[PDB]
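Engineer: Coordinates in model23.csv, CSV, C-alpha atoms, are listed below.
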chain,number,residue,atom,x,y,z
A,1,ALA,CA,0.0,0.0,0.0
A,2,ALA,CA,1.0,3.7,0.0
A,3,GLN,CA,0.5,6.6,2.4
A,4,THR,CA,1.0,9.8,0.5
A,5,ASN,CA,2.3,12.9,2.5
A,6,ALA,CA,3.4,10.7,5.3
A,7,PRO,CA,5.8,11.8,8.1
A,8,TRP,CA,9.4,11.7,6.8
A,9,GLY,CA,10.2,8.8,9.1
A,10,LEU,CA,7.5,6.5,7.7
A,11,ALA,CA,8.8,7.2,4.2
A,12,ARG,CA,12.4,6.6,5.3
A,13,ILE,CA,11.5,3.2,6.7
A,14,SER,CA,10.0,2.2,3.3
A,15,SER,CA,12.8,3.6,1.2
A,16,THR,CA,16.4,3.2,0.2
A,17,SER,CA,17.1,6.9,-0.2
A,18,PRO,CA,16.1,9.9,2.0
A,19,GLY,CA,13.9,12.7,0.9
A,20,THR,CA,10.7,10.8,-0.1
A,21,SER,CA,7.2,11.3,1.3
A,22,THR,CA,5.3,8.1,0.6
A,23,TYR,CA,5.3,5.2,3.1
A,24,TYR,CA,5.0,1.8,1.4
A,25,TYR,CA,3.8,-1.1,3.5
A,26,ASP,CA,1.9,-4.4,3.5
A,27,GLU,CA,-1.8,-4.0,4.1
A,28,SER,CA,-1.6,-6.5,7.0
A,29,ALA,CA,-0.3,-3.5,9.1
A,30,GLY,CA,0.6,-5.4,12.3
A,31,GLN,CA,-2.8,-7.0,12.6
A,32,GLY,CA,-2.7,-9.8,15.1
A,33,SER,CA,0.3,-8.4,16.8
A,34,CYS,CA,0.5,-6.3,19.9
A,35,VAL,CA,2.8,-3.6,21.1
A,36,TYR,CA,3.1,-2.5,24.7
A,37,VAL,CA,4.1,1.2,25.0
A,38,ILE,CA,5.8,1.5,28.4
A,39,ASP,CA,5.8,5.3,29.0
A,40,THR,CA,3.7,8.1,30.4
A,41,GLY,CA,0.6,6.4,29.1
A,42,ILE,CA,-1.5,6.7,26.0
A,43,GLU,CA,-4.5,8.9,25.2
A,44,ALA,CA,-6.5,6.0,23.8
A,45,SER,CA,-9.5,8.2,23.0
A,46,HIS,CA,-7.4,9.9,20.3
A,47,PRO,CA,-9.2,9.2,16.9
A,48,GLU,CA,-5.9,8.4,15.3
A,49,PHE,CA,-5.8,5.1,17.3
A,50,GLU,CA,-9.3,4.1,16.0
A,51,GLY,CA,-10.1,2.2,19.2
A,52,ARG,CA,-7.1,-0.1,19.0
A,53,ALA,CA,-5.3,1.6,22.0
A,54,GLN,CA,-6.1,0.9,25.6
A,55,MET,CA,-4.4,1.3,29.0
A,56,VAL,CA,-3.7,-1.9,31.0
A,57,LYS,CA,-1.7,-0.7,33.9
A,58,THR,CA,-0.7,2.5,35.7
A,59,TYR,CA,1.5,3.1,38.8
A,60,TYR,CA,0.2,6.5,39.6
A,61,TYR,CA,-2.9,8.3,40.8
A,62,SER,CA,-4.2,8.5,37.1
A,63,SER,CA,-3.6,6.3,34.0
A,64,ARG,CA,-4.1,9.4,31.8
A,65,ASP,CA,-1.2,10.6,29.6
A,66,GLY,CA,-0.7,14.0,31.2
A,67,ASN,CA,2.4,14.7,29.2
A,68,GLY,CA,2.0,13.5,25.6
A,69,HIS,CA,5.3,11.7,25.2
A,70,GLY,CA,3.7,8.3,25.7
A,71,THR,CA,0.9,9.2,23.3
A,72,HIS,CA,3.5,10.4,20.8
A,73,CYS,CA,5.5,7.2,20.8
A,74,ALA,CA,2.3,5.1,20.6
A,75,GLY,CA,1.3,7.1,17.6
A,76,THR,CA,4.5,6.1,15.9
A,77,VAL,CA,3.9,2.4,16.6
A,78,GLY,CA,0.3,2.1,15.3
A,79,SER,CA,-1.7,5.3,14.8
A,80,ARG,CA,-3.4,5.5,11.4
A,81,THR,CA,-1.6,8.5,10.0
A,82,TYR,CA,1.6,8.5,12.0
A,83,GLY,CA,2.2,4.8,12.8
A,84,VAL,CA,4.3,2.0,11.2
A,85,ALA,CA,2.0,-0.9,12.1
A,86,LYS,CA,-1.4,0.7,11.6
A,87,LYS,CA,-3.5,-2.3,12.5
A,88,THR,CA,-1.6,-3.5,15.5
A,89,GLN,CA,-3.1,-3.4,19.0
A,90,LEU,CA,-1.6,-1.0,21.5
A,91,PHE,CA,-1.5,-1.5,25.3
A,92,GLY,CA,-0.4,1.4,27.6
A,93,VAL,CA,1.7,0.9,30.7
A,94,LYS,CA,2.2,4.1,32.7
A,95,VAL,CA,5.6,3.8,34.5
A,96,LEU,CA,6.5,7.5,34.0
A,97,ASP,CA,4.7,10.4,35.6
A,98,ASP,CA,3.3,13.4,33.8
A,99,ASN,CA,6.7,15.1,33.9
A,100,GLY,CA,8.2,12.1,32.2
A,101,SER,CA,10.0,10.9,35.3
A,102,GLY,CA,9.9,7.5,36.9
A,103,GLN,CA,11.7,5.4,39.5
A,104,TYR,CA,13.6,2.3,38.4
A,105,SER,CA,11.7,0.1,40.9
A,106,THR,CA,8.6,1.2,38.9
A,107,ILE,CA,10.0,0.6,35.4
A,108,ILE,CA,11.3,-2.8,36.5
A,109,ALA,CA,7.8,-3.6,37.9
A,110,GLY,CA,6.4,-2.4,34.6
A,111,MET,CA,8.5,-4.8,32.5
A,112,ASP,CA,7.7,-7.8,34.7
A,113,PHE,CA,4.0,-6.8,34.4
A,114,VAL,CA,4.1,-7.0,30.5
A,115,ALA,CA,5.7,-10.5,30.6
A,116,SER,CA,2.8,-11.8,32.5
A,117,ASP,CA,0.1,-9.6,30.9
A,118,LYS,CA,0.7,-10.9,27.4
A,119,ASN,CA,-0.9,-14.1,28.7
A,120,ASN,CA,-4.3,-12.4,29.1
A,121,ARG,CA,-4.3,-11.0,25.6
A,122,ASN,CA,-4.9,-12.4,22.1
A,123,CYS,CA,-1.7,-11.8,20.1
A,124,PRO,CA,-1.5,-14.7,17.7
A,125,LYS,CA,1.2,-12.8,15.7
A,126,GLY,CA,3.3,-12.1,18.8
A,127,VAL,CA,4.2,-9.3,21.2
A,128,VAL,CA,6.5,-6.2,21.1
A,129,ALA,CA,7.5,-3.8,23.8
A,130,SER,CA,8.6,-0.2,23.1
A,131,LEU,CA,10.6,1.4,26.0
A,132,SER,CA,11.4,5.1,25.2
A,133,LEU,CA,13.1,5.5,28.5
A,134,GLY,CA,16.3,5.0,30.3
A,135,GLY,CA,18.8,6.4,32.8
A,136,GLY,CA,22.3,5.7,34.1
A,137,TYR,CA,23.7,2.2,34.2
A,138,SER,CA,21.7,-0.3,36.3
A,139,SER,CA,22.2,-4.0,36.2
A,140,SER,CA,18.7,-4.7,37.7
A,141,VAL,CA,17.2,-2.5,35.0
A,142,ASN,CA,19.1,-4.3,32.3
A,143,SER,CA,18.1,-7.7,33.8
A,144,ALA,CA,14.5,-6.5,33.8
A,145,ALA,CA,14.6,-6.0,30.0
A,146,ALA,CA,16.4,-9.2,29.3
A,147,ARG,CA,13.7,-11.1,31.3
A,148,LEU,CA,11.0,-9.4,29.2
A,149,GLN,CA,12.9,-10.4,26.0
A,150,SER,CA,13.4,-14.0,27.3
A,151,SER,CA,9.7,-14.2,28.2
A,152,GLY,CA,8.8,-13.9,24.5
A,153,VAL,CA,8.4,-10.1,23.9
A,154,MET,CA,10.4,-8.2,21.3
A,155,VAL,CA,12.0,-5.4,23.3
A,156,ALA,CA,13.1,-2.2,21.6
A,157,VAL,CA,14.7,0.4,23.9
A,158,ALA,CA,16.1,3.9,23.2
A,159,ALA,CA,19.8,4.4,23.2
A,160,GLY,CA,19.7,7.8,25.0
A,161,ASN,CA,20.0,11.5,24.1
A,162,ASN,CA,23.3,12.2,25.7
A,163,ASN,CA,25.5,12.3,22.6
A,164,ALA,CA,27.7,9.7,24.3
A,165,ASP,CA,28.3,5.9,24.5
A,166,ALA,CA,25.2,4.1,25.5
A,167,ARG,CA,27.2,1.6,27.5
A,168,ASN,CA,26.7,3.9,30.5
A,169,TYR,CA,22.9,4.0,30.2
A,170,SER,CA,20.1,1.5,30.9
A,171,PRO,CA,18.2,-0.5,29.6
A,172,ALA,CA,20.2,0.7,26.6
A,173,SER,CA,23.3,-1.2,27.6
A,174,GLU,CA,21.5,-4.6,27.9
A,175,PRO,CA,22.8,-6.8,25.1
A,176,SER,CA,19.8,-9.0,24.5
A,177,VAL,CA,17.3,-6.2,23.8
A,178,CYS,CA,17.2,-3.9,20.7
A,179,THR,CA,18.8,-0.5,21.2
A,180,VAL,CA,17.7,2.1,18.8
A,181,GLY,CA,19.7,5.2,17.8
A,182,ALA,CA,18.2,8.3,16.2
A,183,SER,CA,18.8,9.8,12.7
A,184,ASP,CA,17.5,12.9,10.9
A,185,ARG,CA,15.9,13.4,7.5
A,186,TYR,CA,19.3,14.0,5.9
A,187,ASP,CA,20.5,10.6,7.1
A,188,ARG,CA,22.8,12.2,9.7
A,189,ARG,CA,23.1,10.8,13.1
A,190,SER,CA,20.9,13.0,15.3
A,191,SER,CA,23.0,15.5,17.2
A,192,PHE,CA,21.8,14.1,20.5
A,193,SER,CA,21.8,10.4,19.8
A,194,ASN,CA,23.9,8.1,21.9
A,195,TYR,CA,26.2,5.7,20.0
A,196,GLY,CA,28.5,2.7,20.8
A,197,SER,CA,28.8,-1.0,20.2
A,198,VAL,CA,25.6,-1.8,22.2
A,199,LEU,CA,23.6,-0.1,19.5
A,200,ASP,CA,21.8,-2.5,17.1
A,201,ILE,CA,19.9,-0.2,14.7
A,202,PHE,CA,19.0,3.4,13.9
A,203,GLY,CA,15.5,4.8,13.3
A,204,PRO,CA,14.0,8.2,12.4
A,205,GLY,CA,14.4,10.4,15.5
A,206,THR,CA,14.6,14.1,14.6
A,207,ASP,CA,11.4,16.2,14.0
A,208,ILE,CA,8.9,13.3,14.1
A,209,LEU,CA,5.2,14.1,13.6
A,210,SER,CA,2.9,11.9,15.6
A,211,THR,CA,-0.1,12.0,18.0
A,212,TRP,CA,-0.3,14.3,21.1
A,213,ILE,CA,-2.7,14.6,24.0
A,214,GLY,CA,-5.9,16.6,23.5
A,215,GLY,CA,-6.8,15.1,20.2
A,216,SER,CA,-3.8,16.8,18.7
A,217,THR,CA,-0.4,16.3,17.0
A,218,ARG,CA,3.1,17.8,17.2
A,219,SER,CA,6.7,17.2,16.1
A,220,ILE,CA,9.4,16.3,18.6
A,221,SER,CA,12.8,14.7,18.5
A,222,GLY,CA,14.7,12.1,20.4
A,223,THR,CA,15.7,8.4,20.4
A,224,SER,CA,12.4,8.1,22.3
A,225,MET,CA,11.0,8.7,18.7
A,226,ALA,CA,13.2,6.2,16.8
A,227,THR,CA,12.4,3.4,19.3
A,228,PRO,CA,8.7,3.1,18.2
A,229,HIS,CA,9.6,3.0,14.5
A,230,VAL,CA,11.7,-0.1,15.2
A,231,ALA,CA,8.9,-1.3,17.6
A,232,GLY,CA,6.2,-0.9,14.9
A,233,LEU,CA,8.4,-2.6,12.2
A,234,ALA,CA,9.1,-5.7,14.3
A,235,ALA,CA,5.4,-6.0,14.9
A,236,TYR,CA,4.8,-5.4,11.2
A,237,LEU,CA,7.2,-8.2,10.1
A,238,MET,CA,6.1,-10.6,12.9
A,239,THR,CA,2.5,-10.4,11.5
A,240,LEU,CA,4.1,-11.1,8.1
A,241,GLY,CA,5.8,-14.2,9.4
A,242,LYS,CA,9.2,-12.9,8.3
A,243,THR,CA,10.6,-13.0,11.9
A,244,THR,CA,9.8,-13.9,15.5
A,245,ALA,CA,10.0,-12.0,18.8
A,246,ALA,CA,13.4,-13.5,19.6
A,247,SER,CA,15.0,-12.8,16.2
A,248,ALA,CA,13.4,-9.6,15.1
A,249,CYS,CA,16.3,-7.3,16.2
A,250,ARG,CA,18.8,-9.4,14.3
A,251,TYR,CA,16.5,-9.5,11.3
A,252,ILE,CA,16.0,-5.8,11.3
A,253,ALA,CA,19.7,-5.1,11.5
A,254,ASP,CA,20.3,-7.8,8.8
A,255,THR,CA,17.9,-6.2,6.4
A,256,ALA,CA,18.6,-2.5,7.2
A,257,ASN,CA,20.1,0.1,5.0
A,258,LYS,CA,23.8,-0.3,5.5
A,259,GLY,CA,26.4,2.4,5.6
A,260,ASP,CA,24.0,5.2,4.8
A,261,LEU,CA,24.1,7.5,7.8
A,262,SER,CA,26.7,10.2,8.4
A,263,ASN,CA,28.6,10.9,11.6
A,264,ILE,CA,28.4,7.4,13.0
A,265,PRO,CA,31.5,7.0,15.2
A,266,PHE,CA,33.9,4.1,14.7
A,267,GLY,CA,32.6,1.1,16.6
A,268,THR,CA,28.9,1.9,16.1
A,269,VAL,CA,26.8,0.1,13.5
A,270,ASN,CA,25.6,1.9,10.4
A,271,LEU,CA,22.2,0.4,9.9
A,272,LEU,CA,19.0,2.3,9.3
A,273,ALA,CA,15.7,0.4,9.9
A,274,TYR,CA,14.1,-0.7,6.6
A,275,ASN,CA,11.0,-2.7,5.7
A,276,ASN,CA,12.3,-3.9,2.2
A,277,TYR,CA,8.6,-4.2,1.0
A,278,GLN,CA,8.6,-4.6,-2.8
A,279,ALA,CA,5.2,-3.6,-3.9
Written as structure tokens, that's how I'd like the structure from this file.
Structural biologist:
Amino acid sequence: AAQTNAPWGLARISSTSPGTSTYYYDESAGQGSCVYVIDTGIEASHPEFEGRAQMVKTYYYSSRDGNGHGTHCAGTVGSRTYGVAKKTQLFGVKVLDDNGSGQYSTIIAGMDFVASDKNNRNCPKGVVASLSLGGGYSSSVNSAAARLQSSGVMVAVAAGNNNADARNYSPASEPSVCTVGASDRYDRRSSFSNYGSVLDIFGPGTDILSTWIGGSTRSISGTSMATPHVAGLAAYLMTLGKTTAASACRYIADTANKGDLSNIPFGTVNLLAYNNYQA
């Protein structure tokens, strides 16, 4: 299929050259898959989700997205106009407060929650988790993500916006999950994106149009924004039977656009997420 005038990131995913504006994808659109967005929540009433989004867990006085960041990332996973996997099911887990902050004890608790909760849900195509969050190095936080991955969930986590090596941030430094760097519409590494050998893949991360709270939209930047591109894609392909939860990250890196980004330091992969859908 084709989405004319789509956000530059959606077009990037579907293309082998930057600067295009149509996002080509298989009409299956993540149907039968599920993606957990572990963040500040999701505004599930937003028409862009079409009734496919729902909250399933909060750790605060309200399960409402009082910030928009969780709603933004979910829009990149599966909203109709801004999402990669437009027919996927979205489940919100609010581990971050409305200022975007959250304790590690809560995020850990949130990841353990998803590993058990996928057992109440119908996801015959499989399960993905998008974690646009992180902090300084924590072994318990890294182990939390690896458990979620081992439990049968495709975990994609953001590399960090510190313009440094992601080895000193978590869950970014956990080797078994998928650690996403950010790029811009000119195929440069985003000026903020962390780098390093722990990185597995790059996704669109600078000036990303998506949903926002209040029935609205806006453009923001961060590796928080690239993570849901990779999360949607995994779910897309899993529905297509091309890959499974345990192997999606390797598949995406194996089938990415190689050597195409500028300002990738030595030791960091040069791989841009790509759906290789030949229409």
Engineer: Choose the residue, out of A:266, A:137, A:195, A:91, that has the smallest atom-to-atom separation from residue 113 (chain A); count all atoms listed in the file.
Structural biologist: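 Using all atoms listed in the file, the shortest distance to residue 113 (chain A) belongs to A:91.
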Engineer: Which of these residues is nearest to residue 235 (chain A), using only C-alpha atoms: A:18, A:47, A:100, A:124?
Structural biologist: A:124
Engineer: Using CA of residue 206 (chain A) and CA of residue 192 (chain A) as the two end points, give the distance in Å to one decimal.
Structural biologist: 9.3 Å
Engineer: Please determine, counting all atoms listed in the file, which residue among A:132, A:219, A:17, A:211 has the shortest atom-to-atom distance to residue 36 (chain A).
Structural biologist: A:132
Engineer: Here is a test: counting only C-alpha atoms, which residue of A:271, A:42, A:146, A:141 is nearest to residue 180 (chain A)?
Structural biologist: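 Ranked by minimum distance to residue 180 (chain A), first place goes to A:271.
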Engineer: I need the residue nearest residue 216 (chain A) from this list: A:46, A:257, A:204, A:278. Use only C-alpha atoms for the distance.
Structural biologist: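 Going through A:46, A:257, A:204, A:278 one by one, the smallest distance to residue 216 (chain A) is for A:46.
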Engineer: When you look at region 197-203 of chain A with a cut-off of 8 Å (counting all atoms listed in the file), what residues show up, excluding the ones that are within fewer than 4 positions of it in the same chain? I need them as an MDAnalysis selection string.
Structural biologist: chainID A and resid 9 13 159 166:167 172:175 178:183 223 226:227 229:230 249 252:253 256 267:273
Engineer: Quick one: residues within 12 Å of residue 147 (chain A), all atoms listed in the file, excluding same-chain residues fewer than 3 positions away - as a ChimeraX atom specification?
Structural biologist: /A:108-116,140-144,150-155,171,174-177,246
Engineer: What gap, in Å, lies between CA of residue 117 (chain A) and CA of residue 95 (chain A)?
Structural biologist: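 Separation of CA of residue 117 (chain A) and CA of residue 95 (chain A): 14.9 Å.
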Engineer: For region 215-233 of chain A, where the input has fewer atoms than it should, I would like N, CA, C and O atoms rebuilt and written as a CSV table (one decimal), in the frame of the given file.
Structural biologist:
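In the end it all went to result_38.csv:
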chain,number,residue,atom,x,y,z
A,215,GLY,N,-6.3,15.3,21.5
A,215,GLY,CA,-6.8,15.1,20.2
A,215,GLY,C,-5.9,15.8,19.1
A,215,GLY,O,-6.4,16.1,18.1
A,216,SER,N,-4.6,15.9,19.5
A,216,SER,CA,-3.8,16.8,18.7
A,216,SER,C,-2.5,16.1,18.2
A,216,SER,O,-2.4,14.9,18.3
A,217,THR,N,-1.6,16.9,17.6
A,217,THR,CA,-0.4,16.3,17.0
A,217,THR,C,0.7,17.4,17.3
A,217,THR,O,0.5,18.5,17.6
A,218,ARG,N,2.0,16.9,17.2
A,218,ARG,CA,3.1,17.8,17.2
A,218,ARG,C,4.4,17.0,16.8
A,218,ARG,O,4.4,15.8,16.8
A,219,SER,N,5.5,17.8,16.5
A,219,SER,CA,6.7,17.2,16.1
A,219,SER,C,7.7,17.4,17.2
A,219,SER,O,7.9,18.5,17.7
A,220,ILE,N,8.3,16.3,17.6
A,220,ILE,CA,9.4,16.3,18.6
A,220,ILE,C,10.5,15.4,18.2
A,220,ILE,O,10.4,14.7,17.2
A,221,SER,N,11.6,15.5,18.9
A,221,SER,CA,12.8,14.7,18.5
A,221,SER,C,13.4,14.0,19.7
A,221,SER,O,13.4,14.4,20.8
A,222,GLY,N,14.0,12.8,19.4
A,222,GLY,CA,14.7,12.1,20.4
A,222,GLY,C,14.8,10.6,20.0
A,222,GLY,O,14.2,10.1,19.1
A,223,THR,N,15.7,9.9,20.7
A,223,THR,CA,15.7,8.4,20.4
A,223,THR,C,14.5,7.8,21.0
A,223,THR,O,14.1,6.7,20.6
A,224,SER,N,13.8,8.5,21.9
A,224,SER,CA,12.4,8.1,22.3
A,224,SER,C,11.5,8.0,21.1
A,224,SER,O,10.5,7.3,21.1
A,225,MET,N,11.8,8.7,20.0
A,225,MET,CA,11.0,8.7,18.7
A,225,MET,C,11.4,7.6,17.7
A,225,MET,O,10.6,7.1,17.0
A,226,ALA,N,12.7,7.3,17.7
A,226,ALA,CA,13.2,6.2,16.8
A,226,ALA,C,12.7,4.9,17.3
A,226,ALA,O,12.3,4.0,16.6
A,227,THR,N,12.8,4.6,18.7
A,227,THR,CA,12.4,3.4,19.3
A,227,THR,C,11.1,2.9,18.8
A,227,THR,O,11.0,1.7,18.3
A,228,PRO,N,10.0,3.7,18.7
A,228,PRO,CA,8.7,3.1,18.2
A,228,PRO,C,8.7,2.9,16.7
A,228,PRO,O,7.8,2.1,16.3
A,229,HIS,N,9.5,3.5,15.9
A,229,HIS,CA,9.6,3.0,14.5
A,229,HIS,C,10.1,1.6,14.4
A,229,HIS,O,9.5,0.8,13.7
A,230,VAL,N,11.2,1.3,15.2
A,230,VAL,CA,11.7,-0.1,15.2
A,230,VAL,C,10.6,-1.0,15.9
A,230,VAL,O,10.4,-2.1,15.4
A,231,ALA,N,9.9,-0.5,16.9
A,231,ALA,CA,8.9,-1.3,17.6
A,231,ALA,C,7.8,-1.7,16.6
A,231,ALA,O,7.4,-2.8,16.4
A,232,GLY,N,7.2,-0.6,15.9
A,232,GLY,CA,6.2,-0.9,14.9
A,232,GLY,C,6.7,-1.9,13.8
A,232,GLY,O,5.9,-2.8,13.5
A,233,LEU,N,7.9,-1.7,13.3
A,233,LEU,CA,8.4,-2.6,12.2
A,233,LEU,C,8.5,-4.0,12.6
A,233,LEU,O,8.0,-4.9,11.9
